[PDB]
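> The structure follows.
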Amino acid sequence: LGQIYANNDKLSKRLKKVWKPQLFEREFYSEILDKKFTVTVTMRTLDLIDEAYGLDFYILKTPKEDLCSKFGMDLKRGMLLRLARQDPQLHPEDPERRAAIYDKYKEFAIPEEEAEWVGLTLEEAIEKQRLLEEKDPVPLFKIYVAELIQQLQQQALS
Amino acid sequence: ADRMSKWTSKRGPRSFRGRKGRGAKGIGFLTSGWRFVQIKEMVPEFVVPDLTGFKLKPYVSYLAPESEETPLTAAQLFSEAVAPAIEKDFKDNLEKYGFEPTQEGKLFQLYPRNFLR
Amino acid sequence: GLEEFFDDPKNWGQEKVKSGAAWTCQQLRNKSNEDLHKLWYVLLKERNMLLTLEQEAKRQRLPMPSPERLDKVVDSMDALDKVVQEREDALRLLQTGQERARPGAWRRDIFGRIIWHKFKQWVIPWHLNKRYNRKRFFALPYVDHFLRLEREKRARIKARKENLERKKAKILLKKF
Amino acid sequence: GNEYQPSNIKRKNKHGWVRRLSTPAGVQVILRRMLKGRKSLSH
Amino acid sequence: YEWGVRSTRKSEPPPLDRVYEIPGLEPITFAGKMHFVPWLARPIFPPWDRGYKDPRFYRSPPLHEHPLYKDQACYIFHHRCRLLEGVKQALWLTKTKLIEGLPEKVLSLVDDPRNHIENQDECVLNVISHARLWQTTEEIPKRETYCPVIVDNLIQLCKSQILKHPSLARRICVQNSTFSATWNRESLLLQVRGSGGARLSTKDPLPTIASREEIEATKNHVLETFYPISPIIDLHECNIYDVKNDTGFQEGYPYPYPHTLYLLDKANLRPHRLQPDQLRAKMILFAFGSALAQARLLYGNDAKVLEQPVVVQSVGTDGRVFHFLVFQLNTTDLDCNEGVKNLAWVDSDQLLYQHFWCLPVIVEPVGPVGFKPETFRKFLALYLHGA
Amino acid sequence: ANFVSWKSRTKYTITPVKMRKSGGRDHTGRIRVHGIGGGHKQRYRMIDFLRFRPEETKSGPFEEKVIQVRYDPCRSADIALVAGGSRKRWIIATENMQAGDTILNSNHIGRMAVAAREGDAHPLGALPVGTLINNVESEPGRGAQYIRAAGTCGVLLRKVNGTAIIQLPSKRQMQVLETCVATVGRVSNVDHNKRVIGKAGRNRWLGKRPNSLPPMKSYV
Amino acid sequence: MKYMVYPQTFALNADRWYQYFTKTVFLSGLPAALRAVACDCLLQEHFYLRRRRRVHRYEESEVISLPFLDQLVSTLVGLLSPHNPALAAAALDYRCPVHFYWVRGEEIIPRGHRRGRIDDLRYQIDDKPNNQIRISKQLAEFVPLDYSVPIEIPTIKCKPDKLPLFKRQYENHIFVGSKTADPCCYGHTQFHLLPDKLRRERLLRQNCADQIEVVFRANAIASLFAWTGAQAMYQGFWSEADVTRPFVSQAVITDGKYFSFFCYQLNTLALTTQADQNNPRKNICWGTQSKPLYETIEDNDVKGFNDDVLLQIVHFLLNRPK
Amino acid sequence: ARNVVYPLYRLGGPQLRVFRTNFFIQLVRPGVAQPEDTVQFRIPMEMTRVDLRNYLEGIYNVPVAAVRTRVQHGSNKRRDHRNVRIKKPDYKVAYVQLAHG
RNA sequence: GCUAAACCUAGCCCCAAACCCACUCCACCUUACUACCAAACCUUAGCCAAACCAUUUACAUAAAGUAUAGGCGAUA
RNA sequence: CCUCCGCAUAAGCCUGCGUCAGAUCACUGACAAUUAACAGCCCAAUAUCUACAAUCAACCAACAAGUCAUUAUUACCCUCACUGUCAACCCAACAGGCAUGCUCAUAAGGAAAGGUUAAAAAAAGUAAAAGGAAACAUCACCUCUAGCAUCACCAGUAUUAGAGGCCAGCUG
Ligand SMILES: [Mg+2]
Ligand SMILES: [Mg+2]
Ligand SMILES: [Mg+2]
Ligand SMILES: [Mg+2]
Ligand SMILES: [Mg+2]
Ligand SMILES: [Mg+2]
Ligand SMILES: [Mg+2]
Ligand SMILES: [Mg+2]
């Protein structure tokens with residue numbers, strides 16, 4: 087979203103211009119997720135996929151800032167949780183293919199405690215953390231029973 | 015033309031005045047032909063005791079002493095209500117002593133309330 | 063009968079009636095729940111008696127015989143109701159551990175502010191409740207500016223109050 | 050000067066709380082009245 | 031060309047959030063919260079069913095789980111059915127021959143002047159004037175008010191002759207009586223569900239009209255079949271039905287035998303009001319229906335030719351116009367197109383008054404005009420049948 | 061705005077439908093078409109322009125009967141209530157169509173031409189070339205979009221393999237497939253053109269306010 | 089605007105009030141194959157007729173009891189036509205309106221721009237009997253015109269508004285069941301049935317079990333005064349030209365199961381304060397208590413079938429003009 | 002009771018019961034002539050006709066036969082020194098006709 | 001000598017310091033203050049100055065109004 | 001003596017000539033009231049039905065084409081709650097306006113005159129000798145554009161749709 091001078095001299099009308107990229111519905115095959123996605127993509131993205139030698143590398147290599155898609159970051163969390171768990175659900179009844187795919191991307195091993203939080207927005211992480219530490223409160227009956235059996239076991243040792 | 019006045023039921027056209035009521039609670043529901051069915055169970059029954067031979071008048075005599083306010087905490091109610099049964103059955113399954121984990125089977129559930137007042 | 067809306071017919075026009083104390087709370091914590099139920103109806107009928115006597119007092123343009131015992135009966139109904147709520151609360155903390163009798167949640171309405179939302183009872187679950195889903199419990203970003211403006215209005219009122227307190231203190235030290 | 054020809058349906062439908070909250074602009078109307086400190090935010 | 035534009039149709043939900051496509055991960059939705067939030071994902075709710083049962087929120091099973099969903103479509107004939115081809119279609123569905131004019135057996139009841147209410151012109155003039163003018167507080171009564179009151183008061187005039195004939199003390203007129211009768215016709219099953227005013231019950235059945243020479247003479251008659259109209263137009267194609275034969279009554283009922291069906295057309299609007307040919311068709315199907323149910327109550331569900339044939343007559347009206355019908359049901363083997371046929375005598379367009387002046391014109400006084408009492412002679416002939 | 065179109069009924073119905081005037085306004089309540097609005101009220105009779113439709117569990121050609129030739133407020137031609145088998149439907153009337161007339165809705169494309177009567181509907185392969193037709197489709201199964209107003213007619217000019225060429229009343233020729241159904245004869249209510257409105261009352265009663289060769293086209 | 093007197097009324101003790109409005113003395117009392145046909149109608153409506161749609165309890169007295177009473181009247185006017193030829197030529201109106209409009213008393217306007225002015229307080233009864241029988245000739249009076257009777261008419265000591273009685277303004281009608289051009293202006297008998305509100309089951313559930321029979325009695329006085337009174341207006345009498353002969357009609361009113369019988373003898377149309385000065389005369393309403401026609405109906409037949417109730421129906425249908 | 006959330010009734014549920022009644026009542030003297038059976042009361046706004054019947058039946062053992070209620074508008078026309086309207090509170094009135102004569 | 005006149009103290013302003021608020025009960029996005037049924041982001045523009053207006057036109061200290069930019073002008 | 005006004009409902013207003021008391025051409029405070037039958041407030045699904053105007057409706061007469069309807073199966077048993085009800089009133093003006101039903105001079109509602117004098121000028125009314133004036137829209141027509149379907153045109157289809165143009169008499 088910018089402006090131009092009308093015939094590339096500053097002494098003409100300053101009038102505003104939008105430069106839109108060229109979009110292409112293409113289709114990809116993530117080997118780690120093992121799925122064909124239909125993704126709208128640009129020519130520069132196809133070029134970066136070629137330079138990374140695959141969409142799994144393109145997603146696991148590119149930084150969150152640089153990639154700049156929520157969907158690409160969700161693919162990244164999907165692949166990283168698939169690598170962080172060494173999931174048998176990649177290719178069931180084909181363990182050699184699983185171990186080959188998992189050893190191809192051994193470079194990006196992240197622990198599972200970190201791979202869940204990858205690419206969450208701040209509100210979505212607020213939600214996930216809200217569901218972690220939500221609990222039904224403990225009925226004070228049980229707390230008072232614990233304290234009183236503690237006290238009667240202090241009196242038992244007297 | 016007033017904004018300051020409270021919007022009450024006395025105030026609109028006919029269609030407005032019919033809908034809005036005061037704070038009273040619905041007892042049944044409307045049916046076809048605008049025929050109100052009253053449901054017996056939605057009407058509150060005033061459970062009222064028998065006051066015969068009852069020794070408490072509305073006032074207390076001024077000759078009664080002064081005491082100290084001790085609000086009933088759950089520690090106290092646990093102590094007197096539960097603590098003898100645990101002391102007896104410990105010197106010799114928590115549901116034995118008047119505890120209930122759930123209360124979905126219960127008529128007077130404590131959270132959320134179903135009783136009134 | 064209807065004669066329970068009026069007191070003893072000997073007391074009519076006596077302009078002073080000896081009534082005792084109110085119930086304090088600690089006197090009432092010694093009574094059973096059946097006994098507090100019955101005392102509730104004793105005080106209830108007494109309260110209706112005194113309210114008819116007030117309204118007839120204003121009607122006949124006269125003063126009340128003794129307006130104090132209305133204050134005492136409201137005092138006792140308040141104490142009794144508070145005791146019963148104490149026992150409900152303590153039992154609720156033991157059996158469930160909740161603190162409110164009624165559920166709710168901290169939400170955040172269209173106006174950006176954080177509100178304790180008290181839940182209501184419904185029959186259908188919330189996702190297909192057509193009227194519940196018209197309420198917005200989120201604030202869009204055009205609200206945050208007004209949140210900041212409200213924040214600063216509160217800060218100005220607080221600053222003015224605190225400063226004004228210090229000025230009054232200086233006047234007290236000049237006067238004494 | 051009989052320009053105001055009253056009805057309560059037009060008044061609540063034009064300027065009530067629900068029409069005010071129906072749009073973002075109207076929510077900002079309420080917020081300005083709430084910030085000026087007004088006793089009536091709407092009809 | 032399909033009907034119903036897209037703007038009035040159920041709007042499609044927006045397409046799912048892309049997180050539901052990624053195989054590994056659970057999405058984070060606003061279902062943890064209990065309200066919409068636009069920066070979380072829209073969750074997918076399980077199909078909720080109300081556990082208990084409440085009548086004002088009942089949602090009935092689809093049209094297969096109904097315990098009588100017969101695949102073979104039954105065409106039903108209720109009282110509202112306005113037929114297309116008029117009388118010919120009811121003659122086909124009924125398997126009957128038509129005979130214009132009432133028989134001499136019925137009209138000969140009022141041959142002598144002894145079967146007459148005294149001053150029948152004055153009395154019928156007072157019934158017309160009462161219902162059509164003097165009846166209610168309104169200046170003109172609508173057809174809704176005048177129609178059943180005209181029919182009702184004419185039946186009271188004919189009821190006043192218990193003095194001359196004791197036998198009329200053995201007939202009542204019931205209302206809100208709903209009969210039903212199913213029969214097969216060539217290929218597909220038919221049913222009449224009869225819900226009309228004033229079925230006049232008797233203890234005694236009506237004596238038959240047609241001799242066996244005429245019943246036998248119906249064999250050489252052919253039903254005038256028609257085309258392109260498949261002869262089940264404007265009936266109600268129902269799949270969810272029950273084959274049943276109802277006389278309208280429990281068994282062991284005094285006054286069990288239908289005499290006259292007084293069916294009327296009391297709708298205020300000309301669009302609503304039945305056309306007189308369709309009125310006649312409705313009478314043929316109702317008299318056929320009640321007579322047929324009488325045959326199934328007396329003789330089982332046996333497709334045969336009846337030895338005691340049943341006769342049920344009916345009077346239908348718009349208010350000022352009368353249509354008489356005598357129906358002679360003598361076979362129950364309906365499905366073939368041959369053998370003996372039922373036979374019916376009609377009176378078409380027997381108006382008893384051309385017009386009624388409720389307000390005087392300025398010239399013509401208040402009252403009816405074009406009064407012709409031969410039609411009440413026909414009415415009173417039908418009331419005195421079997422007495 | 062709260063514009064919900066009345067054009068909302070899903071099932072075909074023989075009854076008139078209460079329809080709502082637009083007033084020339086959009087769905088956004090702004091006048092897009094000047095000089096509409098404020099007529100006498102009308103109800104809409106749903107016309108079946110798919111002239112050959114076999115009914116449920118039927119196929120092939122089928123006869124139908126005209127019950128009533130009815131004036132229609134929603135258009136210039138008058139219409140016919142026409143019943144066949146177990147269904148009535150409103151079709152659009154040809155010039156000589158009486159009550160009681162029988163009309164064959166045909167599908168079979170004959171080897172020879174079909175000497176059709178005045179008001180029946182045939183695929184364009186089954187017509188003598190150089191006859192007046194009306195209610196012409198554009199696709200097999202499209203429904204009859206053209207040659208539809210009062211007294212109008214178009215002549216089947218010539219046909220090639222699986223293709224007929226029509227002359228519309230604007231004399232622009234149209235290339236349609238062979239197996240598209242068109243009805244023969246000219247549309248009814250002739251001398252709808254030859255008429256004097258006389259006063260502006262009738263201008264206002266029809267919902268009207270005051271105000272402020290091409291190439292032979294194909295569908296193959 | 090005028091009070092709007094409902095005969096079939098929920099109001100407590102509406103009887104005593106209607107004797108005030110009406111100027112009536114209520115005196116208690118009165119001045140074979142029929143059993144077969146009656147039980148045929150009872151069993152016809154409860155048992156023998158097959159209902160398509162299920163008859164709910166609220167829907168009952170609209171569906172069940174109304175054609176029962178219709179069939180009773182039509183069949184008894186059938187069978188009793190030889191014994192009483194006046195019923196052979198008598199009109200039989202089903203659910204046909206009777207209106208009467210009269211003025212009774214004076215009220216000074218308590219508030220507003222018309223305050224302190226004499227405004228006489230008008231009343232209207234709009235009624236629909238279930239079915240009424242009207243004869244062209246008039247029944248003989250029961251008691252003589254200007255019959256003294258020592259029991260006194262009630263006097264209410266508050267505004268009639270206090271009996272939940274409300275005012276409206278609408279068309280003042282005086283109507284007997286048909287317009288004045290009809291030759292059958294006089295009235296024989298009138299059959300009412302109490303609506304679903306006034307069931308004695310509810311009146312026992314609410315503590316007004318006393319008012320049960322009162323309901324019957326109120327429907328007696330309001331309806332018949334509105335009928336006889338209206339008849340008196342069709343013969344030209346009104347409040348200043350009072351009736352020179354007593355007008356008489358007759359009403360069996362019911363709950364569908366319990367019947368009560370009433371006679372009414374209108375002696376005065378002079379109800380206004382101008383016309384109640386030299387007016388010793390008053391209207392008299394004779395009445396019975398309610399008695400059940402049958403007791404129960406099981407599967408097949410009736411049980412506990414009273415016969416005196418049919419005899420009082422018949423004795424109502426059997427009297428004659430002269 | 003008043004100012005309490007009532008528990009929701011579902012079809013086949015228990016009876017709604019109130020143990021300590023929240024709302025008081027006062028019987029006033031009528032300002033106009035009233036029938037001898039009638040008794041006038043000032044119900045609080047939320048109390049229905051049915052609640053008043055069961056209220057007098059349960060607590061006071063009065064055989065009530067009819068109840069009729071009207072809501073009375075208190076004036077909003079009287080002002081402060083600040084030209085601000087004071088509202089006299091609206092109140093509900095019950096007319097109770099006693100049974101058994 | 002009438003009308004009047006006088007009056008200090010409510011409070012406020014500018015700093016500093018310090019990071020604020022918000023469920024007695026009940027009701028409150030439906031016609032808010034009503035007990036209870038099948039979807040957010042997308043360049044601010046212009047005034048004005050240039051004595052018109054058309055590109056343009058401001059939104060700790062010190063280097064420094066320096067380098068720079070600019071109808072190489074206003075100015076930045 | 002007026003009455004072209006009334007009385008009700010609607011919309012609107014919200015206690016605004018009820019009682020007690022007091023201050024002020026000659027409102028404040030207290031208390032009390034409007035009681036439901038009238039009117040609002042409705043409706044279990046899923047399918048499937050709804051060609052024949054109204055007009056005293058009879059024909060007759062038409063065009064601008066019209067304000068009104070169910071059936072099939074399933075589920076269904078409790079019942080009279082809630083709200084409106086007052087007034088001399090509203091929108092204006094510092095003249096006017098107002099929907100509907102009845103009454104069509106009233107059974108209902110009201111008062112043109114503070115007292116006087118009887119100047120001018122001004123307003124209104126009556127009488128007066130003799131004379132008797134001293135452009136746009138649009139039927140219809142023409143032109144141009146447009147071969148077509150699910151938000152107007154239009155649920156229309158070139159006979160269509162859209163845009164254009166056109167003397168005697170009387171009298172202050
Ligand atoms: Mg009220
Ligand atoms: Mg400048
Ligand atoms: Mg009513
Ligand atoms: Mg009023
Ligand atoms: Mg007057
Ligand atoms: Mg003067
Ligand atoms: Mg002048
Ligand atoms: Mg002159």
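Residue numbers (the entry's author numbering), protein chains in the order written: chain X, 87 to 244; chain 9, 15 to 106, 113 to 137; chain Y, 63 to 238; chain 2, 50 to 92; chain 5, 31 to 392, 398 to 422; chain D, 61 to 272, 289 to 296; chain s, 89 to 119, 140 to 430; chain U, 2 to 102.
Ideal Cβ positions, reconstructed from N, Cα and C, are used throughout, including at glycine.
#1: Beta carbons nearer than 8 angstroms to chain 5: which residues of the region 118-141 of chain X have them?
#2: Give, in chain order, every residue of the region 208-225 of chain 5 whose Cβ lies closer than 8 angstroms to some Cβ of chain s.
#3: Grouping DSSP H, G and I as helix and E and B as strand, with all else coil, what is residue 20 (chain 9)?
#4: Quick check on the burial criterion: 16 or more other C-beta atoms within 10 angstroms. Buried or exposed for residue 418 (chain 5)?
#5: Cβ atoms of residue 100 (chain s) and residue 277 (chain s): under 8 angstroms apart, would you say?
#6: Quick check on residue 239 (chain X): does DSSP put it in helix, strand or coil?
#7: Would you list the one or two residues that DSSP bridges to residue 231 (chain s)?
#8: Would you kindly work out how many angstroms separate the C-alpha atoms of residue 234 (chain s) and residue 92 (chain s), rounded to a whole number?
#9: Would residue 35 (chain U) pass as an interface residue toward chain Y - the criterion being a Cβ-Cβ separation below 8 angstroms?
#10: Would residue 233 (chain Y) be called buried (16 or more neighbouring beta carbons within 10 Å of its own) or exposed?
#11: Quick check: is the beta carbon of residue 72 (chain 9) nearer than 8 angstroms to any beta carbon in chain 2?
#12: Grab me the residues of residue 154 (chain Y)'s own chain with a C-beta within less than 7 angstroms of its C-beta, minus the 5 sequence neighbours each way, in chain order.
#13: For residue 172 (chain D), does the count of other Cβ atoms within 10 angstroms reach 16, so buried, or fall short, so exposed?
#14: Determine whether the beta carbon atoms of residue 123 (chain 5) and residue 220 (chain 5) lie at a separation below 8 angstroms.
#15: What are the boundary residues of the beta strand (DSSP E) that residue 202 (chain s) is part of?
#16: Determine whether the Cβ of residue 100 (chain s) lies closer than 8 angstroms to any Cβ atom of chain U.
#17: Determine the contact status of residue 44 (chain U) and residue 89 (chain U), defining contact as a CB-CB distance below 8 angstroms.
Put simply:
#1: 119, 120, 121, 123
#2: 208, 225
#3: Residue mapping note: residue 20 (chain 9) aligns to position 6 of the second sequence, counting from 1. Residue 20 (chain 9) falls in the coil class under three-state DSSP.
#4: Counting from 1 along the fifth sequence, the entry for residue 418 (chain 5) is found at position 383. The residue in question, residue 418 (chain 5), is buried, as its Cβ has 16 or more Cβ neighbours within 10 Å.
#5: Working through the seventh sequence from its first residue, we reach residue 277 (chain s) at position 169. Working through the seventh sequence from its first residue, we reach residue 100 (chain s) at position 12. Not in contact: residue 277 (chain s) and residue 100 (chain s) (Cβ atoms no closer than 8 angstroms).
#6: Here residue 239 (chain X) refers to the residue found at position 153 when the first sequence is read from its first residue. It is helical.
#7: As a position in the seventh sequence, residue 231 (chain s) is number 123, starting the count at 1. Partner(s): 91 (chain s), 210 (chain s).
#8: Position 126 of the seventh sequence, counted from the start, is the residue given in the question as residue 234 (chain s). Position 4 of the seventh sequence, counted from the start, is the residue given in the question as residue 92 (chain s). Computed Cα separation, rounded: 8 angstroms.
#9: Counting from 1 along the eighth sequence, the entry for residue 35 (chain U) is found at position 34. False, the Cβ-Cβ gap to chain Y never drops below 8 angstroms.
#10: Locating residue 233 (chain Y) in the third sequence gives position 171, where the first residue counts as 1. By the neighbour-count rule (16 or more Cβ atoms within 10 Å), residue 233 (chain Y) is not buried but exposed.
#11: Within the second sequence, the letter at position 58 stands for residue 72 (chain 9). Put simply, the CB of residue 72 (chain 9) is far from chain 2, with every gap to its CB atoms at 8 angstroms or more.
#12: Position 92 of the third sequence, counted from the start, is the residue given in the question as residue 154 (chain Y). Here the set comprises 160, 163.
#13: The residue you call residue 172 (chain D) lines up with position 112 of the sixth sequence. Classification of residue 172 (chain D): exposed, given that the 10 Å Cβ count is below 16.
#14: Reading the fifth sequence from its first residue, position 93 is the one you call residue 123 (chain 5). Reading the fifth sequence from its first residue, position 190 is the one you call residue 220 (chain 5). Closer than 8 angstroms, so yes.
#15: Within the seventh sequence, numbered from 1, the residue matching residue 202 (chain s) stands at position 94. Unbroken beta strand (DSSP E) run through residue 202 (chain s): 199-202.
#16: Here residue 100 (chain s) is taken as the residue at index 12 of the seventh sequence, counted from 1. For residue 100 (chain s), the answer is yes, since a Cβ of chain U falls inside 8 angstroms of its Cβ.
#17: Residue 44 (chain U) sits at position 43 when you count from the first residue of the eighth sequence. Residue 89 (chain U) sits at position 88 when you count from the first residue of the eighth sequence. Judged by beta-carbon spacing, residue 89 (chain U) lies beyond the 8 angstroms limit of residue 44 (chain U), meaning their Cβ atoms are not closer than that value.
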